[PDB]
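Okay, structure first, notes after.
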Ligand SMILES: NC(=O)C1=CN([C@@H]2O[C@H](COP(=O)(O)OP(=O)(O)OC[C@H]3O[C@@H](n4cnc5c(N)ncnc54)[C@H](OP(=O)(O)O)[C@@H]3O)[C@@H](O)[C@H]2O)C=CC1
Ligand SMILES: O=C(O)COc1cc(F)ccc1C(=S)NCc1ccc(Br)cc1F
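In the deposited numbering, the protein residues as written are 0 to 315.
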C-alpha cells in the first residue's frame, strides 16, 4: 500500500506511526530509535504522557546520526486540557517543542474537547472527585491553535476525541481560518466508529485510529474485559494470511483509509508491527472484522463525564 496520506494542509502523513502512551521513560528512547531504524517515520506524542523529553532524545540522535532527515519525520503532539485558555496555548506548544528537541511540529492536536482549570495538576478535582472545568470554549481554543500555524510552530492542526457535533462546531466556526487536518479517535474491531469516520471523511478530515490493539496495557484493564489480540476469530483471519493477530489489527484501519498508531516498547514487536505493507485483507475479511463491533471503549473517564464538552454521551 501507499505509505502516506495527503492532508488538507497539502502535507503527506505516514499512515503507520509509533504510539508512546505508557512507554516508560527508561525504555521509550530505545523504542523510538529502533522504530526509526526499522522504518517508522511518524511518532505520536503528548505532553500528558510525561515522556516527551526521552522521545526527543531519540529523535535528536537519529537526526544527528543522519539516519533520517527532519523533513522525512512526521511528529505529532497534543495540547493538554489544562492549557485550553488563549494565553496558555503558545507556551504549551513551546514546552513540547523544547522537550522533543524540535523547532516545529508536523501536527498539533487538541487532545480532548474538554478544557480543565489551569494549574500543575493534569486532572484538577473538586472535593467530590469531579474534574474542574474551564469556561473556555472550544472555538476559542481553535483560534489559538490557528495562531500556532501562523507563527510557524506547527505545520498542521487537528483534534482528538471530538464527536460528530463537536467536529461540526469546528467546521462551522465563524471566521474559521484552518480546518482540522485530522481527528484522532479510538478505533478497532470492537469500537468500529463507522458513523463518526464517515462524517469526518466526508469533510476532508483524515482519521487516525488509536488503541488499534485494544490497549491491553491500559491501567484500568479488568482481567475479564474483551481482548482483541486473543480473539480466536481474529486469530483465524491472521492464520489464513500467515500474519500475526497484531498485523491484522494494524492492517484493518489502513484499508479503511485511516492512519494507525500502535504502541510498543518491545523491539521485536516494533519490527513486527511495521511489516504490514505486504498483504491485503479481502473485502469479506474487512466486513467480518467490522461485524465484531460492540461499542466498547478503552478511553473514557468517569471523573470527566459531567463536563459540558465530554464527548461520549453522543451517539457518535
Ligand atoms: N488521542 C488520545 O486520546 C489517545 C491517543 N492514543 C495514542 O495511541 C497509541 C496506541 O494506543 P494504546 O492505547 O497505547 O494501545 P495499543 O492498542 O497500541 O496497544 C499497546 C499494547 O499492545 C502491545 N503490543 C504491541 N504490539 C504487539 C504485538 N505485535 N503483539 C502483542 N502485543 C503487542 C504493547 O506491548 P509492549 O509495548 O509491551 O510491546 C502494549 O501493551 C498510544 O500509545 C497513543 O500514542 C491512545 C489513547 C488515547
Ligand atoms: O488520553 C489519552 O491519550 C490516553 O489516556 C490518558 C493518558 C494519560 F497520560 C493520562 C490520562 C489518560 C486518560 S485517563 N485519558 C482518558 C480521558 C482523558 C480526558 C478526558 Br476529557 C476523557 C478521557 F476519557
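C-beta atoms are modelled at their ideal positions from N, C-alpha and C, and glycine is treated no differently.
Going by DSSP, what residues sit across from residue i in a beta bridge?
| i | result |
| --- | --- |
| residue 253 | Looking at the DSSP assignment, residue 253 forms no beta bridge with any residue, so it has no partner. |
| residue 183 | 159 and 207 |
| residue 289 | Answer is none; residue 289 lacks a bridge partner. |
| residue 12 | 4 |
| residue 76 | 107 |
| residue 41 | 73 |
| residue 262 | 18 |
| residue 124 | 130 |
| residue 190 | 187 |
| residue 153 | 104 |
| residue 278 | In the DSSP output, where bridge partners are listed per residue, residue 278 has none listed. |
| residue 115 | 132 |
Who are the Cβ neighbours of residue i in its own chain at under 8 Å, not counting the five residues just before and after it?
| i | result |
| --- | --- |
| residue 17 | 30, 31, 34, 39, 41, 42, 43, 260, 261, 262, 263 and 269 |
| residue 225 | 189, 213, 293 and 295 |
| residue 253 | 0, 14, 15, 259 and 275 |
| residue 89 | 143, 146, 147, 150 and 152 |
| residue 103 | 96, 151, 152, 153 and 154 |
| residue 91 | 46, 78, 79 and 82 |
| residue 232 | 287 and 291 |
| residue 93 | 152 |
Are the Cβ atoms of residue i and residue j separated by less than 7 Å?
| i | j | result |
| --- | --- | --- |
| residue 129 | residue 158 | no |
| residue 205 | residue 74 | no |
| residue 121 | residue 54 | no |
| residue 244 | residue 235 | no |
| residue 248 | residue 222 | no |
| residue 193 | residue 298 | no |
| residue 59 | residue 100 | yes |
| residue 227 | residue 315 | no |
| residue 7 | residue 203 | yes |
If I'm right that residue i touches residue j with Cβ under 8 Å, what's the distance once you round it to whole angstroms?
| i | j | result |
| --- | --- | --- |
| residue 198 | residue 163 | 5 Å |
| residue 95 | residue 51 | 6 Å |
| residue 275 | residue 296 | Wrong, their Cβ atoms sit about 24 Å apart, outside the cutoff. |
| residue 10 | residue 155 | 6 Å |
| residue 257 | residue 180 | At roughly 14 Å, the Cβ-Cβ gap does not stay under 8 Å, so residue 257 and residue 180 are not in contact. |
Have a look at residue i and residue j and give me their C-alpha separation to the nearest angstrom.
| i | j | result |
| --- | --- | --- |
| residue 132 | residue 83 | 10 Å |
| residue 220 | residue 174 | 43 Å |
| residue 327 | residue 64 | Given that the chain is displayed from residue 0 to residue 315, the structure contains no residue 327 and the question cannot be resolved. |
| residue 272 | residue 246 | 6 Å |
| residue 165 | residue 139 | 13 Å |
| residue 201 | residue 281 | 24 Å |
| residue 22 | residue 106 | 20 Å |
| residue 70 | residue 170 | 29 Å |
| residue 67 | residue 61 | 6 Å |
| residue 135 | residue 289 | 37 Å |
| residue 127 | residue 301 | 12 Å |
| residue 37 | residue 86 | 40 Å |
| residue 12 | residue 255 | 15 Å |
| residue 306 | residue 266 | 39 Å |
| residue 26 | residue 216 | 15 Å |
| residue 28 | residue 191 | 32 Å |
| residue 316 | residue 19 | Since the displayed the chain opens at 0 and closes at 315, residue 316 lies outside it and no answer follows. |
| residue 229 | residue 286 | 19 Å |
| residue 125 | residue 116 | 11 Å |
| residue 291 | residue 312 | 22 Å |
| residue 24 | residue 98 | 13 Å |
| residue 114 | residue 123 | 11 Å |
| residue 76 | residue 172 | 23 Å |
| residue 2 | residue 187 | 20 Å |
| residue 218 | residue 178 | 34 Å |
Which same chain residues end up closer than 7 Å to residue i when comparing Cβ atoms and leaving out the 5 residues on each side of it in sequence?
| i | result |
| --- | --- |
| residue 118 | 81 |
| residue 112 | 137, 160, 161, 165, 308 and 310 |
| residue 109 | 78, 140, 144, 158 and 159 |
| residue 284 | 236 |
| residue 304 | none |
| residue 242 | 278 |
Might you give, ordered along the chain, the residues of its own chain that have their beta carbon closer than 6 Å to the beta carbon of residue i, omitting 5 neighbours on each side?
| i | result |
| --- | --- |
| residue 176 | 145 |
What I want to know is whether the C-beta of residue i ends up closer than 6 Å to one or more non-hydrogen atoms of ligand 4.
| i | result |
| --- | --- |
| residue 32 | Ligands displayed in this structure: ligand 1 and ligand 2; ligand 4 is not among them. |
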